C-alpha cells in the first residue's frame, strides 16, 4: 500500500541519472506535445518554451474534455441560487455581479486590478518570451484535470497562441508565487486595452491582431465566474521557468561529469580515482554514477596508455597525489546530481498539479477550498538547485585553474599557450581571470531566495513561496555555468592539441639527439669511441623525462633544461669512464663542445619542420584523441564548429572561439556529441571482485 | 553654521586612525569612568565590560542630577490630573493603576510580560556577563541627560551592580532592537521572583543577595510611571556589544596593517608598494595611512637591506612581481579601516543618545513622542563592520597562504618547517588548513542581518533594526579574526627565525665551499693550479644564489641543487680552460671527484656545528629582527610569552604555541608591543618630491 504517495515518488528515482537524461532528450525532440493534465515533463516544457522554429506543436487530449466541461457547467449551475441550487461557488466576496442578470463584472474587475505590473520601455522589465510560453503550457496542463471550472475553449485559445507563436507580454516582476503576471495572459484573452503580444519576429500586436494571427476560433472571451481565478491562481510562471532551468541543469550535470574525465585524460591523472570500490564503499548513488561515467571515459582512453614513475608518456601520481578537483570530482558532483534529480521530480509533480482554488469537485457536488496556489516546491527546489549549480561551477573553476597552471598540469604550457614564442602568447590567462569572475558571481547567486518572505496582502499571505523569483535566480546561475562550461571545454580541446604537439616534438628531439650522439660520440683513432653506447641511451632518457614545454621554444639555450641535462649526462659518463677518460681520443668530456655545437646546428630546424608537418595535417604521430571515447566532443568543437587552436602567432582571440561553443550550447548542439561519448556504456561500473 | 550636525560628525574623522586607536587605548586604561550622559566612548564601554579585576569604577556626574530629578518630578506631578495638571504622561494605555491611590500596577505588569526570554540550563542561551555589563553602562549613560523621567537613585543602584561586579542574568535572544533583555535588569531592580544575578566568581544570586553584595542603598524599587519604560526602551544591549566589538576591531585593523609589513619583511617583498605617490594618487585616506604605516616598518627594517637581481640577500621582485596579498594590501585594508572608523562614530553617537520614548521636555512642559528606540545605526554599522572584518580575514588568509608556499615565499621552507628532517616536519600544514576553515566561516558571517526584518508586534514594529543580533554576529566574526591573527602572527615569527637560520647556514656553506675549493683546486705539479681563482668565486656565487632550504637537509646529495650546480660550475670552467684542460695536472675536470669527496666529508658536520651554535644562542650572524622596527612584536611573542620555534624534532604542536598568543591577545597584552612598532612614526609618509 502507498497511501501517502511516497512510494510512487521513490520509484521515480530508480535507474541511472544518465538514462533519465537520455529519455529527457528523446522526449524534447518529439514533434507533438500532447497534454492531458497528468504527463507533462520538463522536456516538453523546454521544447515548447523554444522560439526557434523546431515546429513543435501542442495538442489537447479529447479525453479531458468531459471533466473540464463538467466543472465549468457546475459553476454556471451553482450561480442559480435559492430556487435552484445554492448561494454561490466562491470568488472572493459573495454579493455582486456574476452572469445572472448581471454580466461577469467581478471577473472583469479581477483582471483589471491584477494588471499591476510595470514594463517601462525596452525589455529589461518584461518576462522572456520563452518563459511566457513555458507558463502558458503549464497553465493549460494544470487546468485539464477537470477541477478548475473553466471552459475548454479558453484552453484551446491558449494552445493556438502557443502553436502560432503569438506571445502575451508579461511583466518580469510582481509575483510572490503567480497572480499579477498570469493576469496578463487573461487580459489578452479578454482583449483588455493595455494587453500586448509579440509575434514570431518581435512585432508588437494588439489583442485583436493577436487573435487573428493565432487563429482563435472566436472573439474576446467574457469570463464566467471562477474563470478569472482559474486563469490567475496557478504557480505556472515559477514552475514553467523551473522546468526550463532543470532541463539545462540536468544536461550540464552530465557535461560536468564527462569534462571531469576529459580533464583527467589531459592532466595525466591516475585513473584509479574512479575505481568502483571507493565509491561503492560510500553508498551515495550520484557519486557512484559519476565515477562509473568517468571510469567509462578513462577505460577507453588512448591517454590512459600510461608509463609509470620515471615516466616516458603518462604517469600515475604516487608522489605528489592528484589534487582534489581531479581526484574528488565524483564525491563532489554526486550530491549535486542527486539534488538536481530530486528537484526535477518536485517540479514535474508541480506542473501536473491542480494549483487552483477552490477546486470544483463534481463527484461530491461541492467546491473545496485550500492552498494549492502555494508554490513552495518551486522555491525550495530552485534554491537547492542553485546551490548545486554553484558547486558544479566551483569545481569547474578549480579544474580549469589546475589545467592552466604549469606547476599542476603535468607538463602542459603555462596558460595553455599555443604558439612558438611564449613571450608573445599568454594563452588562456584572460579566460582564467574571466573564470574567477564567473565563479564568484555564481557563489553570490547561491544564496537562497525563500528566506526573504514578507507578510503580504494585508497579512493574508503571511507565508508565500517566492518560487518565480527563485527560478529567475537559478536561471541566471545556469547561464553563468554555460559561460564556464564553454570556456573550460575550449580549454580542454586546446590541451588535447598541446598533448599532440608535445608527443610529436618529443619524438623529433629524441630522433635528433640520437643522430647527433651517434655522429659525435664515435670518432676515436679508429672508429669505435669506447664508450658511446650507454651514453646515447641515457641522453635519450633525458629527453623522455624532461617536459618538452620547458625548453622547446629555445631548445639549445644554455639556461634551459635540455642543454643542461644533456651536458650533465655527458659529464656523468665521463666521470665513470676511468682511464679511457685520460686519453684525449677516447674522452667523453672532450666531445661535449662538439656534441653541443652539432645539436645547435640541427635541432631548431628539425623541430620547426616537424611542427610544420603537424600543422599541415601530417604529423609523425597521430592525435591520440581520435582513439578516445571522448573524441565526439573534441570533434564537435574542433571540426564541426570550426573552433580553432589558439595561438599568439595569429590574431584570433579566445573570446572569438568561445562564441562558437556558447552559441552552439545555447541551441542544444552539444547534447548529441556529449551523449555519444557514453553511448557504449552498459550503465554499470567495471568489476572489482 | 552646522544646523544638521554633519559638520561635527565630519570633524570627528579628522586625524589619523592610529592616533584614534592610541587615544582609545589610553582611555581604556583610566581607573575611573565618569558618566555625564554625553562623553561615553567605546573604550570606556570596553573597560567596564571586562570582568578581569582591572579595578575600573564608574562614577555618576552630580551635574546631571538636577535634570534627572526635574523629569522624574515632572512625571509624578503629571499624574495629578484635572484639578492639578493634565490627563497622564503616557505609558501605553491611559486608563489604569499608576501611583495615585493605585500603586504602580502597570509598571509591575510591563516588566512581567517582557520577561519572555528563555535561558534553559547552562550558558548557551544567556547573554555573556561582559555584554550585560556593557549594556548596563550604556543604559545608565543614556538616562543621565534628564529627558527620561526616572529617579537618579535607580541609576545609582545600577552603578553599584557594575562596581561590585554583580551582574543580572539576561537572555541571549528575544530582541529585535532591547525590551525583553533590558526587562531582566528591571526585574533585578524590582526583586522579581525569577530574577537572578551572578557574582564575581560565578555564584548564582537571588535579587536579595545581589542587593546586599552590591551595597544598594535601599530595598527593591517600586517603579513609578515612565520608569519601567525608561529602563526597557533603550538600544543599550545592541550598542553596548557593538562598542566592545569595535574596540577590538579598531585594534585588529592596526595589527593587520603591521602584520602586512612584517609579512613583506619576511617575504622579501619590494618595499616600493608602499611608495606614497601610489597612494596619494588614489586619494583614499585609509589606504594612504595603511601604506604609510607599512612604509614606516619597512624603512626601519634590517631585512629591506636588499641585494637586487642575481641576489645575495633580499631581492626586489621585478620579474614575477609580488602577488596581490602583498602588493595590494594598502588598497585592500584602507576601505575596511574607513568603515570601522565610521562605524565607531555611529556607535559613539548611539551610546550618548536619548533612546527613550516619550521624552520628558521640562522646558516645554510636555512629553515628546517619537522613535529613538529604533536602533538602525547599530544594525547598519554592525553589518558593514562584519563585512570589513571578513575582508581583513580574507587578506590574512591570502598572506598566510603565500607565506607557507615554497613556490611563493622566496626561499622559505614549504610549510615553514623548522627541523633538520623535512620528511618529519610538516610545519604549519595543519594550521594552514585551519586558516581556510576560519576564512570560510568568516565569509559566511559576512552576510547581513538587517535584511531579515519581520513585521512584528501585531504589525506595530513593521520596521525594526535587529541591532543586537547583528552585534552578536560581528562579535563572532571578531573572535575568528583573533584565531586567524594568532595563527598568522606565530607563523610570521617562525618565518623570522627561518630567515635567521637561512643566513647563518648559507654563511657556513660558503665558508666550507671556500676552504675545500682552495685545498682541492690547487695542487698541480708545483702548487698554483692554473686556473683556480675565478673558479672559486663562481662556486661561491652558486651558494649565494641558491636557496639554502632546497638542499641543506642533505647538502651533498647528488639530486639536490648544491652538488649539481657546483659541479656545473666546475664543468663550465673546464670547458673554458683551453689547452691547460688537456694536461692532467692542470685539468679542472680531473678535480671534480676530489672536490666532491672532500666537500662530502666536511660540509655536513660544519652545517651541524653552525646550527647547534645558533640553537645555543651563539649564532655567527645575529638575528636581524633585533634591528627592525617590528622587533617589539617578535620579542613579545618569543621572549615574553615564551612561544617557541616549531620543529618536528620536538613533541610540541603548533596549537600549544598558538594558545599562548591567543590567550594574551584576548587579555589585551598585544596592544603595547603592537603600538611600540610604530612609536617613532611622525604620522606622515616619507617624502616623494
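Basis: the model, the stated rules and, where named, an outside source; no laboratory read-out is quoted. Because the Cβ atoms are built from the backbone with ideal geometry, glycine has one as well, and the counts that use them run over all protein chains shown.
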Exercise. Looking at (1) closer than 21 Å to residue B:244 by Cβ; (2) within 12 Å of chain A (Cβ to nearest Cβ), can you tell me which one residue B:465 breaks?
Worked result: (2)
Problem set entry | Failed condition for residue B:555, given (1) within 14 Å of another protein chain (Cβ to nearest Cβ); (2) surrounded by 19 or more Cβ atoms within 10 Å (Cβ to Cβ); (3) not in a helix (DSSP H, G or I) | (1)
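What about residue B:590, is it outside any loop (DSSP other than H, G, I, E, B), within 12 Å of chain A (Cβ to nearest Cβ), at negative phi and within 53 Å of the chain's Cα centre (by Cα)?
Criteria not met by residue B:590.
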Exercise. Has the range B:93-101 got at least one residue that is over 44 Å from the mean Cα position of the chain (by Cα), assigned by CATH to the domain that holds residue B:222 and either under 18 Å from residue B:363 (Cβ atoms) or not in a loop (DSSP other than H, G, I, E, B) (or both)?
Worked result: no
Seminar exercise, completed: When (1) assigned to a loop (DSSP other than H, G, I, E, B); (2) within 14 Å of chain A (Cβ to nearest Cβ); (3) over 50 Å from the mean Cα position of the chain (by Cα) are applied to residue B:530, the one that fails is (2)
Problem set entry | Subset of the range B:587-596 (residues that are surrounded by 18 or more Cβ atoms within 10 Å (Cβ to Cβ) and under 30 Å from residue B:420 (Cα atoms)) | B:592, B:595, B:596
Exercise. All but one of (1) in contact with a helix residue (DSSP H, G or I) (Cβ under 6 Å, 6 or more places away or on another chain); (2) away from every other protein chain (no Cβ under 12 Å); (3) in a helix (DSSP H, G or I) hold for residue A:605; which doesn't?
Worked result: (1)
Exercise. Does residue A:662 count as surrounded by 12 or more Cβ atoms within 10 Å (Cβ to Cβ), part of a helix (DSSP H, G or I) and under 15 Å from the mean Cα position of the chain (by Cα)?
Worked result: yes
Exercise. So residue A:561 fits all but one of (1) within 14 Å of chain B (Cβ to nearest Cβ); (2) more than 43 Å from the chain's Cα centre (by Cα); what number is the exception?
Worked result: (2)
Exercise. Of the conditions (1) within 23 Å of residue B:356 (Cα to Cα); (2) crowded, with 20+ Cβ neighbours inside 10 Å, residue B:47 fails just one. Which one is it?
Worked result: (1)
Exercise. Here are some conditions: (1) in a helix (DSSP H, G or I); (2) assigned by CATH to the domain that holds residue A:548; (3) surrounded by 17 or more Cβ atoms within 10 Å (Cβ to Cβ); (4) in contact with a helix residue (DSSP H, G or I) (Cβ under 6 Å, 6 or more places away or on another chain). Residue A:611 meets all but one. Which one does it not meet?
Worked result: (4)
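Quick check, is residue A:155 in contact with a helix residue (DSSP H, G or I) (Cβ under 6 Å, 6 or more places away or on another chain) and within 30 Å of residue A:455 (Cβ to Cβ)? Before you say what the answer is, go through the steps one by one.
Details: in contact with a helix residue (DSSP H, G or I) (Cβ under 6 Å, 6 or more places away or on another chain): yes; within 30 Å of residue A:455 (Cβ to Cβ): no.
Considered against the rule, which asks whether it is in contact with a helix residue (DSSP H, G or I) (Cβ under 6 Å, 6 or more places away or on another chain) and within 30 Å of residue A:455 (Cβ to Cβ), residue A:155 comes out as no.
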Exercise. Only one residue in A:490, A:543, A:516 is within 26 Å of residue B:558 (Cα to Cα), assigned to a helix (DSSP H, G or I) and more than 14 Å from every other protein chain (Cβ to nearest Cβ), so which one is that?
Worked result: A:543
For this session: Could you identify the single residue in B:570, B:584, B:599 that is touching a helix residue (DSSP H, G or I) at 6+ places or on another chain (Cβ under 8 Å), within 11 Å of chain A (Cβ to nearest Cβ) and crowded, with 19+ Cβ neighbours inside 10 Å?
Result: B:570
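Inspect the range A:646-653 for any residue being within 27 Å of residue A:434 (Cβ to Cβ), touching a helix residue (DSSP H, G or I) at 6+ places or on another chain (Cβ under 7 Å), surrounded by fewer than 20 Cβ atoms within 10 Å (Cβ to Cβ) and in the same structural domain as residue A:300 (by CATH) and give the result as yes or no. Please lay out each step first, then the result.
So the first thing to find is which residues in the range A:646-653 are within 27 Å of residue A:434 (Cβ to Cβ), and the list is A:646-653.
Going one step further and asking which of them are touching a helix residue (DSSP H, G or I) at 6+ places or on another chain (Cβ under 7 Å), we end up with A:646, A:648.
If we keep only those that are surrounded by fewer than 20 Cβ atoms within 10 Å (Cβ to Cβ) as well, we get A:648.
With the extra rule that they be in the same structural domain as residue A:300 (by CATH), the set shrinks to A:648.
Yes: one or more hits.
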Problem set entry | Among residues of the range A:324-362, those that are assigned to a loop (DSSP other than H, G, I, E, B) and either within 26 Å of residue A:236 (Cα to Cα) or in contact with a strand residue (DSSP E or B) (Cβ under 6 Å, 6 or more places away or on another chain) (or both), counted | 9
For this session: Kindly indicate whether residue A:348 is in contact with a helix residue (DSSP H, G or I) (Cβ under 8 Å, 6 or more places away or on another chain) and either surrounded by fewer than 19 Cβ atoms within 10 Å (Cβ to Cβ) or within 13 Å of chain B (Cβ to nearest Cβ) (or both).
Result: no
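Could you say whether any residue in the range B:632-639 is under 48 Å from the mean Cα position of the chain (by Cα), farther than 19 Å from residue B:302 by Cβ and either surrounded by fewer than 18 Cβ atoms within 10 Å (Cβ to Cβ) or away from every other protein chain (no Cβ under 14 Å) (or both)?
So the first thing to find is which residues in the range B:632-639 are under 48 Å from the mean Cα position of the chain (by Cα), and the list is B:632-639.
Okay, now just the ones that are also farther than 19 Å from residue B:302 by Cβ, so none.
Scanning the range B:632-639, I find no residue that is under 48 Å from the mean Cα position of the chain (by Cα), farther than 19 Å from residue B:302 by Cβ and either surrounded by fewer than 18 Cβ atoms within 10 Å (Cβ to Cβ) or away from every other protein chain (no Cβ under 14 Å) (or both), so the answer is no.
If I ask for residues that are under 30 Å from residue A:543 (Cα atoms) and either surrounded by 19 or more Cβ atoms within 10 Å (Cβ to Cβ) or in contact with a strand residue (DSSP E or B) (Cβ under 6 Å, 6 or more places away or on another chain) (or both), which ones from the range A:381-409 would you list? Lay out the reasoning, then the answer.
Taking the range A:381-409 as the starting set, the residues that turn out to be under 30 Å from residue A:543 (Cα atoms) are A:399-409.
Those that are under 30 Å from residue A:543 (Cα atoms) and either surrounded by 19 or more Cβ atoms within 10 Å (Cβ to Cβ) or in contact with a strand residue (DSSP E or B) (Cβ under 6 Å, 6 or more places away or on another chain) (or both): A:399, A:400, A:402, A:403, A:404, A:409.
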Problem set entry | Enumeration of residues in the range B:314-340 that are out of contact with any helix residue (DSSP H, G or I) (no Cβ under 8 Å at 6 or more places or on another chain) and crowded, with 17+ Cβ neighbours inside 10 Å | B:314, B:315, B:317
Seminar exercise, completed: The lone condition residue B:618 fails out of (1) closer than 27 Å to residue B:529 by Cα; (2) away from every other protein chain (no Cβ under 11 Å) is (1)
Exercise. Quick one: how many residues across the range A:437-462 are more than 12 Å from chain B (Cβ to nearest Cβ) and assigned to a helix (DSSP H, G or I)?
Worked result: 6
Seminar exercise, completed: The lone condition residue A:520 fails out of (1) out of contact with any helix residue (DSSP H, G or I) (no Cβ under 6 Å at 6 or more places or on another chain); (2) closer than 15 Å to residue A:589 by Cβ is (1)
Exercise. When you look at residue A:122, is it closer than 29 Å to residue A:47 by Cα, in a loop (DSSP other than H, G, I, E, B) and either touching a strand residue (DSSP E or B) at 6+ places or on another chain (Cβ under 8 Å) or not assigned by CATH to the domain that holds residue A:231 (or both), yes or no?
Worked result: no
